[PDB]
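Take a look at the structure below.
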Amino acid sequence: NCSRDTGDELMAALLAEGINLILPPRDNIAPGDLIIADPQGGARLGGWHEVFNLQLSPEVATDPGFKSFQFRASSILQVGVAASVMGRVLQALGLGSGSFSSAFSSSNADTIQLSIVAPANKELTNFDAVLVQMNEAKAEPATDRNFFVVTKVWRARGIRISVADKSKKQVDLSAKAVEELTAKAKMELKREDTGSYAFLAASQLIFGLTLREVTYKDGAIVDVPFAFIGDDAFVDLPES
């Protein structure tokens, strides 16, 4: 569980953009998509037809393409936290927390410095007009759930780390660690000439969403301005 009140430079940069980190990373979420969340449970992608008896979604407008965006921030993570974080992010690409714990322990690592490689975003440009269209449909309500519209999709090529021992000396991953990670990984593991390691997909994957909360009140859809789901900076978000 990664608290959003953590004092972490990259975490603060992500939250300044309203980013809800979603799990697993993926390729199939668009601006305007709907998330349905249980305030006392989980969240998932859903459809407006689960909230209203309609057929069509509103017409969404987006940026023509993704726009590059650099965070200029890194996270400094104690190795046990780093294994949990990286394992949660990369489990669907073959690398869970136990693999990272084994790798870091074999490497005499104490802290990991983590940054995001080649981030970009794509925005929903017509949020208010989406709500106008919904309210012009006059659809019947299909109740204690929360509803979020995706207003920005964030993608990245992967994660870069620097490994340090207890004296804050930068060190390589052990050969055992590299072999364990490379055997399981469904992505590229590259040692950079600076001594950092990059964990890279072949193209940019969606890792985060900016959200706006909406609610249904007295016969209208109303905006509740970044919104955040639950109590964990990471949101486990099954596909619809």
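Brief remarks follow.
- Residue list for the stretch 34-79, filter: more than 30 Å from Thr143 (Cα to Cα), loosely packed, with under 15 Cβ neighbours inside 10 Å and within 20 Å of the chain's Cα centre (by Cα): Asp63, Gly65, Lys67, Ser68, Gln70, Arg72
- Count of the stretch 202-224 residues which are in a loop (DSSP other than H, G, I, E, B) and touching a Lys or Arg at 6+ places or on another chain (Cβ under 6 Å): 0
- Subset of the stretch 160-209 (residues that are of a type in the set (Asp, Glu) and closer than 30 Å to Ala16 by Cβ): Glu188, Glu192
- For the stretch 65-73, the condition of being touching a strand residue (DSSP E or B) at 6+ places or on another chain (Cβ under 9 Å), under 24 Å from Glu9 (Cβ atoms) and outside any loop (DSSP other than H, G, I, E, B) holds for at least one residue.
- Contact annotation: residue pairs with Cβ atoms under 7 Å, 6 or more positions apart or on different chains, pairing a residue in the stretch 216-240 that is farther than 21 Å from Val153 by Cβ with a partner that is of a type in the set (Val, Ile, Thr) and not in a loop (DSSP other than H, G, I, E, B), are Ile221/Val214; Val222/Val214; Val222/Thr215.
- Whichever residue in the stretch 1-47 is in contact with an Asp or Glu (Cβ under 9 Å, 6 or more places away or on another chain) and β-branched (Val, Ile, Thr) and, among such residues, is farthest from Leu114 (Cα to Cα): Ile36
- Residue list for the stretch 90-105, filter: surrounded by fewer than 21 Cβ atoms within 10 Å (Cβ to Cβ) and among the hydrophobic types (A, V, I, L, M, F, W, C): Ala92, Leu93
- Listed by position, the strands (runs of 3 or more DSSP E) inside the stretch 1-54 whose residues that are out of contact with any strand residue (DSSP E or B) (no Cβ under 8 Å at 6 or more places or on another chain) number at least 1 are 20-26.
- Among the candidates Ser101, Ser75, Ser84, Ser68, the residue that is in contact with a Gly (Cβ under 8 Å, 6 or more places away or on another chain) and of a type in the set (S, T, N, Q) is uniquely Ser101.
Read-outs throughout are calculated quantities, based only on the coordinates presented, and are distinct from any laboratory measurement. Note: ideal-geometry Cβ built from the backbone for every residue, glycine included; neighbour counts use all protein chains shown.
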